[PDB]
Amino acid sequence: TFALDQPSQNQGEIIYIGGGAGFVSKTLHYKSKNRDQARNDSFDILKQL
RNA sequence: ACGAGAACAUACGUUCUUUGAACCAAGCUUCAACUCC
């Protein structure tokens with residue numbers, strides 16, 4: 001249902017169709033930002049809106 | 001009172017006949033109705 005849904009079967013993969021999925025789904029600068037991504041996303045979204 | 005005096009370089013006549021402004025050519029390419037409260 002909603003617990004993890006990733007590691008059971010990686011077969012039958014997942015795409016997001018944009019029904020209000022969020023900022024994280026639309027943006028993509030991942031590698032290799034782990035916490036730099038989180039703090040830059042927080043500053044960008046929160047400071048302007 | 002002249003190598004002189006008279007004497008239209010004039011008459012008739014289509015700048016005309018034949019002929020494609022044509023030929024080849026995607027209004028197309030990359031594009032989430034989405035984002036945050």
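What pairs can you find where one residue is in the stretch A:22-45 and basic (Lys, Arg), the other is surrounded by fewer than 10 Cβ atoms within 10 Å (Cβ to Cβ), and their Cβ atoms are less than 9 Å apart, with a gap of 6+ or different chains?
A:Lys26/A:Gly18
Residues are listed down the side, and each one gets a yes or a no for (1) within 13 Å of RNA strand B (Cβ to nearest atom); (2) surrounded by 10 or more Cβ atoms within 10 Å (Cβ to Cβ); (3) assigned to a loop (DSSP other than H, G, I, E, B); (4) not β-branched (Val, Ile, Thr):
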{"position": "A:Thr1", "(1), (2), (3), (4)": "no, no, yes, no"}
{"position": "A:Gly12", "(1), (2), (3), (4)": "no, no, yes, yes"}
{"position": "A:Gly20", "(1), (2), (3), (4)": "yes, no, yes, yes"}
{"position": "A:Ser32", "(1), (2), (3), (4)": "no, no, yes, yes"}
{"position": "A:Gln37", "(1), (2), (3), (4)": "no, yes, no, yes"}
{"position": "A:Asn40", "(1), (2), (3), (4)": "no, yes, no, yes"}
{"position": "A:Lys47", "(1), (2), (3), (4)": "yes, no, no, yes"}
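No value in this document is a laboratory result; all are computed from the given coordinates. Here the Cβ is made from the backbone with ideal geometry for all residues, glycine too, and neighbour counts use every protein chain on show.
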